[PDB]
Amino acid sequence: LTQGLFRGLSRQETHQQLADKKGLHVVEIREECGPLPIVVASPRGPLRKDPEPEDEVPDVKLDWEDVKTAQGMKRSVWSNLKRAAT
Amino acid sequence: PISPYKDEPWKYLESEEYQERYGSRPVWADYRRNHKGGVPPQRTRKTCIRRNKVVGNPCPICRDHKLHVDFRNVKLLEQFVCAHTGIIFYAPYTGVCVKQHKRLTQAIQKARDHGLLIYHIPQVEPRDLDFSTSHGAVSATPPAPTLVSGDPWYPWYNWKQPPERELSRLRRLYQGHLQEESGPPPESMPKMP
Amino acid sequence: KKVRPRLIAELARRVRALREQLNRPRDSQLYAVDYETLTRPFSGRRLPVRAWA
Amino acid sequence: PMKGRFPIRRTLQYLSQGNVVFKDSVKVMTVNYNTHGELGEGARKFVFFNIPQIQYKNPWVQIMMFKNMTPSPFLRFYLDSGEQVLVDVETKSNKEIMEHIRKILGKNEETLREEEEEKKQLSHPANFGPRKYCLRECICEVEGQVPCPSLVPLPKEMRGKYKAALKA
Amino acid sequence: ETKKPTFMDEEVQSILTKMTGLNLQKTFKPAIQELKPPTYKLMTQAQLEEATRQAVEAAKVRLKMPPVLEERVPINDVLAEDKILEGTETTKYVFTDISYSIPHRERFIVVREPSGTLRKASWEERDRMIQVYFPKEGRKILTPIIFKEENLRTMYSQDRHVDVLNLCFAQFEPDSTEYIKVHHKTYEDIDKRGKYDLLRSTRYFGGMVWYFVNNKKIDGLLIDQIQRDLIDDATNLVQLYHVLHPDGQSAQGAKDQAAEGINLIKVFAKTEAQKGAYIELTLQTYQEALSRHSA
Amino acid sequence: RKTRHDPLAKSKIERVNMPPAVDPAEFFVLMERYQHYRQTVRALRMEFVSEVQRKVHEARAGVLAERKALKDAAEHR
Amino acid sequence: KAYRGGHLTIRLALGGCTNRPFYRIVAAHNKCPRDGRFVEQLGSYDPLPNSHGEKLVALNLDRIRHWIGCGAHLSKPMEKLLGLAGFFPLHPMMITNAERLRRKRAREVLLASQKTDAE
Amino acid sequence: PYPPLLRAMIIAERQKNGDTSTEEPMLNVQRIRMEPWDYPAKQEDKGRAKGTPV
RNA sequence: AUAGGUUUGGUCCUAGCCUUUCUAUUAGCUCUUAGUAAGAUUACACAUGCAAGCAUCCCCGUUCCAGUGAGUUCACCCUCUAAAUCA
Ligand code: FES
């Protein structure tokens, strides 16, 4: 658990590292700020002009538990229990 | 066990006593419930003070008598509300007993109501899509004839004295089962004052 | 899918209806009245008080 | 992870994103697509992705599919009146097909808005009763009324034990 | 033909909208509310501007100004006055025609009094019932205590005037007495404390100007605009004052003399403005900044 | 409540009813009041029935309904 | 459910707690339980005065017209409510009761005046 | 005459539509034949006692 | 589940059983006293009180309500069309 926790966090790609890799602005959309386009990172190098192709159907492998809860199917009597502040 | 800050509960949190015991962390930062297991009970203790007797490990509020949960003590109240979501923590979150959490809840609402505590006030839309004032509800309704003449809306509302022959007819029918004849009723209730 | 026919129910149903016609009580039997107790002996019912006289 | 290729197709959010709600006339939809042939690429993508979306918004329409029965991919709709509607879909992307059938056999935005208004009228904000159907249950949940004897015991005057002690 | 221009006049609103301003940050300020993890998109420069353009337009809808209404006239109209019902009852009987289709304005709320008079309910009483039976989010049946003078002073001391207007707009109707009271009282605290910037880029700016123009108290607001290098906006404010008071010495004089720019401001500054010295002095410190740019 | 197979309590066997005494003044006035009252009601009820029957007819085969049907039918073709 | 005889009736469904009644105007059947199944709820009635001293009688008058137009009957207390509202004429017996009360109170002043005269 | 509330509503309907006619709206009670309460009813619709007294 | 304890001389991987959380019933020990909500284990026997009458005779009601959960895809939709209510 420790050696994996530190490994996952070590491969954590930053917003500017992303902007540089894709060469495009990384725009944050916050529901608490409406459609305000907050630019968190921009490519310091040359910016690109071709809109990244938006694939209508994303070929991402979802996790069943995530979708299970999203659709209100996970009813664990132990999840979201009142606990002391951490 | 009386507090000098009873009347000015805002002063304790400003004094150096507070700033030495707590500093910048909330008063509940160092409270750990004592409980069986790894998952705490979902309800905290009812009250830490029973008949002026303090329990073993008193909650944050009940271990310092100088902490008065008043709608005026805005600083204390702020500690028990999210600084990011504007929500009152649950009692298990901070460990304040059931008694104090309810008092706190009232205090939070009172300060918020009185304008002492800041909270998000959303921008709402108008109630009515159309503001036209052409409907009769706002216009003038033609008064009814009976209303104009101050008459009972329907004629049979008023008392109509029955004819003598008709009145006598029923006396024949209900012989031996008759009440005292009643004259015209008083127009205004003769309610004895 | 199919329901067991309630046969005895139907038998008694017809039987009862028929037997009522055969044993129809007459007006002289239904609407008789005892002028002493003021009660119809057929059903032992007391007529209303406002009809006694 | 979730099983299958493109697992998103098996999520309610994806199934509720269908924009083709057939009119009440449409009863049976048959899809005669080919499995191979570059020309029919759009036809099979429609069956892979959208038939799930169509059948969801239209749970009573019988969707039927046939592979390699004819040289050309084509749809056909059977309406209640008896009119059948051949939609040739060769050399046409799945999203184009999705919008074609929406145009010729889909409800307009006005019809959908009207249906949504009907649901609004079912839940009348004033109707008091179980929160499964209403907002409030009693009228003691309205501010400034007579509260329930549970939370705040009512004055002995109002209670039928001490006003009966005054009656008797 | 020429009629007293009302606020809703498109000519008028356009002016007031320009003066309001569109501070995107202020309109879409982060809120203190149940937060959810943000989202991210990779946007080309062109796409970023389109995200801005659609964000601009959305803010316009947000800053749409409440229509100023004249205080509603109390409804005092009876229907029946039966004397057989006098003394019979001890309580009122408010009858609300709850119906989904009826517009709240065009609703029938009648009351049977103990006296027996079948009246129509007061404007106040009506709104109470609309809420009881058609609860709106953010509206309360009992007047919140924050609207008391003691509590409003605290809200003003904290520079929370914009918030008070949102509470007042949600609780009370635009034509209610209570509404106008709070509406105007707020404008006063702002004027006395010179906090005209607090309400800028909000949907309440127009209502703020409309109040001041009708009281001939545009001085402070006009000064502020000049101090913030908003001459173009200041001129529009002076123009609006002229249109709403055509039969004035300054209004006709400017028309006859076609005064514009600095000349237009000075004439009103010396003649009518009660802070001419300060306005002239404002246009004199401005003169220093103008001289530097010219140099 | 009791069924028809349940007998009458021996206690209540002898129970004869008692005629409520009648005030001839109230009786006649109330009798006339009821007459007019129940007639105004019967008048109102019939009026609402016409409205209900009209709403069904107009929605089913009314001019506005028939135009919408043709509008959709013309659009369909 | 199918009842063996009955008609749609507009009645008051008794809710609330002990010593705290609250009625619900409901279009039900002539044979359904008082608090049982109903076809449609046509408003409510708070029989106890609120903080402002009034009785709160919401009435879905639009729908009341439709149900009466289909044959809906009305219970005695329901008729009297529409009277006090003004949708229907005042109930006949309502008036007769006021008269009886006033004639009882006529007797009362005769007796009460005597009490004050003595003491 | 119409009852209090109904009259107030009918008027507004006329006014709202655009009808300015102030003709007092009323009913047609003449059509309603108020039959006497003691009028002989149809015996054909009346029931009959069963052979069983119960 | 934010998990924890338990295989072994020990370590990993699997794995079951338990623990911590929330209810309801019954017991033990306690159980000052105010409101409200609920309250046979048993479709096994009952003391034998009380719960269907009202109405100028007919008619109408007593087939509803209130119970129980023994049996059990006859409860919801559609098509036809009864019996009621709409004088
Ligand atoms: S819940 Fe309202 S009376 Fe009890």
Side-chain angles (χ1 to χ4, degrees), chain A residues 1 65 74-84 86, chain B residues 35-43 92 173-174, chain C residues 1-4 27 30-33 38-40 43 45-53, chain D residues 60 140 147-156 158-162, chain F residues 1-12 15 17 19-20 38-39 41-43 45-50 52-53, chain G residues 1-9 16-20 29-36 67-73, chain H residues 31-35 38-43 45-49 54:
Chain A
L1 175 51
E65 292 82 3
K74 190 170 181 179
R75 308 156 190 177
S76 183
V77 67
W78 294 98
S79 62
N80 298 356
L81 279 193
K82 300 183 176 186
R83 290 172 192 262
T86 60
Chain B
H35 64 90
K36 174 173 57 180
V39 181
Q42 294 304 288
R43 186 184 311 170
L173 193 54
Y174 306 108
Chain C
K1 301 178 182 178
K2 298 182 177 181
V3 181
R4 276 220 308 267
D27 292 343
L30 288 177
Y31 309 131
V33 59
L38 287 183
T39 75
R40 300 186 174 297
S43 54
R45 301 183 183 182
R46 297 182 176 271
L47 288 188
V49 291
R50 298 180 171 179
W52 286 2
Chain D
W60 307 145
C140 76
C148 185
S150 179
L151 307 172
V152 182
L154 300 188
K156 290 192 172 184
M158 307 296 296
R159 275 135 70 177
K161 190 191 313 186
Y162 306 92
Chain F
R1 295 184 180 90
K2 285 188 188 177
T3 72
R4 60 208 50 188
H5 312 283
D6 305 341
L8 176 64
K10 53 181 183 179
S11 174
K12 210 199 301 178
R15 173 188 165 180
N17 302 3
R38 73 183 310 189
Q39 192 184 359
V41 172
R42 187 147 64 177
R45 175 171 292 185
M46 282 186 70
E47 289 292 341
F48 300 159
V49 171
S50 66
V52 170
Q53 287 174 337
Chain G
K1 148 178 177 188
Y3 285 86
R4 301 247 180 178
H7 50 80
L8 289 171
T9 312
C17 285
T18 302
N19 309 318
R20 177 61 183 92
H29 284 149
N30 178 59
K31 298 305 204 297
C32 278
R34 181 185 72 192
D35 299 341
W67 285 118
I68 296 172
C70 293
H73 281 93
Chain H
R31 307 285 72 86
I32 311 300
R33 180 179 299 269
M34 194 184 63
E35 290 283 344
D38 60 331
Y39 191 97
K42 306 181 58 55
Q43 182 94 30
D45 300 318
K46 294 182 179 60
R48 190 66 61 180
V54 187

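Numbers restart at 1 for each chain; the letters A, B, ... are given by sequence-line order, proteins then strands. Side chains are part of it too, since the values below use all heavy atoms of this structure and drop only hydrogens, waters and symmetry mates.
Considering only residues two or more places apart in sequence or on other chains, D/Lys161 meets the salt bridge (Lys or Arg N to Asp or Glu O under 4.0 Å) condition with none of them. Scored by the salt bridge (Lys or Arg N to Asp or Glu O under 4.0 Å) test, F/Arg45 finds no partners at all (sequence neighbours excluded). The side chain to side chain contact (heavy atoms under 4.5 Å, CB included) test applied to A/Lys74 returns A/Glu65, A/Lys68, A/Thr69, not counting sequence neighbours. Under the side chain to side chain contact (heavy atoms under 4.5 Å, CB included) criterion, F/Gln53 pairs with F/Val49, not counting sequence neighbours. Take G/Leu8 and apply the side chain to side chain contact (heavy atoms under 4.5 Å, CB included) test, not counting sequence neighbours, and it matches G/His29, G/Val39, G/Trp67. Judged as a side-chain hydrogen bond (donor to acceptor under 3.5 Å, both in side chains), and not counting sequence neighbours, H/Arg33 has no contacts. Contacts of F/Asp6 classified as side-chain hydrogen bond (donor to acceptor under 3.5 Å, both in side chains), with partners at least two apart in sequence or in another chain: F/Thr3. By the side chain to side chain contact (heavy atoms under 4.5 Å, CB included) test, G/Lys1 pairs with G/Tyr3, G/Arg37, sequence neighbours left out.
Side-chain contact check for B/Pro41 versus B/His35: some heavy-atom pair is nearer than 4.5 Å.
Checked by atom type and distance alone, the side chain of C/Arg45 never pairs as donor or acceptor with a backbone atom of C/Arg40 at under 3.5 Å.
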I need a per-nucleotide contact map over nucleotides 71-87 of chain I, read 5' to 3'. Cutoff is protein heavy atoms under 4.0 Å; write B for the base, S for backbone only, - otherwise.
---B---------SBSB
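Comparing the P positions of I/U30 and I/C22 gives an interatomic distance of 27 Å, to the nearest angstrom. Separating the P atom of I/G67 from that of I/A43 is a span of 16 Å, rounded to the nearest Å. With P as the reference atom, I/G53 and I/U63 are 12 Å apart, rounded to whole Å. Nucleotides I/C17 and I/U33 have their P atoms positioned 48 Å apart, rounded to a whole Å. Taking the P atoms as reference points, I/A52 lies 12 Å from I/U62, given to the whole Å. Rounded to whole Å, the P atom of I/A34 lies 33 Å from the corresponding atom of I/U42. Distance noted for atom P between I/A1 and I/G16: 15 Å (whole Å). Taking atom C1' in both I/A15 and I/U6, the straight-line distance is 12 Å, to the nearest Å.
Nearest-nucleotide positions on RNA chain I place A/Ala84 closer to the 5' end than the other of D/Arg159 and A/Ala84.
The six-membered base rings of I/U14 and I/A15 sit with centres under 5.5 Å apart and planes under 30 degrees, so these neighbours stack. Neighbouring nucleotides I/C65 and I/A66 have six-membered base rings whose centres lie under 5.5 Å apart with planes under 30° to each other, which meets the stacking criterion. Under a stacking criterion requiring six-membered ring centres under 5.5 Å apart and planes under 30°, the adjacent bases I/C29 and I/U30 are classed as stacked. The six-membered rings of I/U63 and its strand neighbour I/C64 do not satisfy centres under 5.5 Å apart together with planes under 30°, so the two bases count as unstacked. In this strand, I/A52 does not stack on its neighbour I/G53 by the test of ring centres under 5.5 angstrom and planes under 30 degrees.
The pentose of I/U19 is categorized as north (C3'-endo side) on the basis of a positive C1'-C2'-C3'-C4' torsion.
Taking CG from G/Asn30 and OG1 from G/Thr9, the interatomic distance works out to 4.5 Å, rounded to the nearest 0.5 Å. The line from NZ of G/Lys31 to CZ of G/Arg4 is 12.5 Å long, rounded to the nearest 0.5 Å.
If you take NE2 of F/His5 and P of I/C64, they are 12 Å apart, rounded to a whole angstrom. Protein atom CG of D/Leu154 is 18 Å distant from nucleotide atom P of I/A34, rounded to whole Å. Distance CG (A/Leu1) to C1' (I/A3): 11 Å, rounded to an integer number of Å.
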With side-chain contact (heavy atoms from CB on, under 4.5 Å) as the test, would you mind laying out the steps for C/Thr39 and C/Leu47 before giving the verdict?
CA-CA 6 Å; C/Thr39 75; C/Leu47 288 188; over 6 Å; no
H/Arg48/C/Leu30 under side-chain contact (heavy atoms from CB on, under 4.5 Å): CA gap, chis, key distance, verdict:
CA-CA 10 Å; H/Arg48 190 66 61 180; C/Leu30 288 177; 4.2 Å; yes
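For H/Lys46, the side-chain atoms get nearest to I/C59 when compared with the rest of I/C59, I/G35, I/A1.
Under 4.0 angstrom from either OP1 or OP2 of I/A34 there lies no side-chain N or O belonging to D/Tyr162. Contact annotation: F/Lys10 side-chain N/O to I/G49 OP1/OP2 distance is under 4.0 Å.
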Taking only nitrogen or oxygen atoms into account, show me every contact under 3.5 Å that the protein makes with nucleotides 14-21 of chain I, one pair per line with its distance.
residue: I/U20; atom: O2'; partner: B/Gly38; partner atom: N; Å: 3.3
residue: I/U20; atom: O2'; partner: B/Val39; partner atom: N; Å: 2.8
residue: I/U20; atom: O2'; partner: B/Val39; partner atom: O; Å: 2.7

Grab the N/O contacts between the protein and nucleotides 52-56 of chain I below 3.5 Å, and write none if there aren't any.
residue: I/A52; atom: OP1; partner: F/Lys2; partner atom: N; Å: 3.0
residue: I/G53; atom: OP1; partner: F/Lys12; partner atom: NZ; Å: 3.1
residue: I/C54; atom: OP1; partner: F/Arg15; partner atom: NH2; Å: 2.3
residue: I/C54; atom: OP2; partner: F/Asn17; partner atom: OD1; Å: 3.4
residue: I/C54; atom: OP2; partner: F/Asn17; partner atom: ND2; Å: 3.4
residue: I/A55; atom: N6; partner: C/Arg46; partner atom: O; Å: 2.9
residue: I/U56; atom: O4'; partner: C/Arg50; partner atom: O; Å: 3.4
residue: I/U56; atom: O4'; partner: C/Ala51; partner atom: N; Å: 3.4
residue: I/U56; atom: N1; partner: C/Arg50; partner atom: O; Å: 3.2

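In the displayed structure, F/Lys10 atom NZ is contacted under 6.0 Å by at most 12 heavy atoms of other residues, nucleotides or ligands.
Stem regions annotated for RNA chain I: I:3-6 with I:16-19, counting only runs of 3 or more consecutive pairs of Watson-Crick or G-U type with both contacts under 3.5 Å.
Residue-to-nucleotide contacts include a donor-acceptor pair under 3.5 Å from the side chain of C/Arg40 to the base of I/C57.
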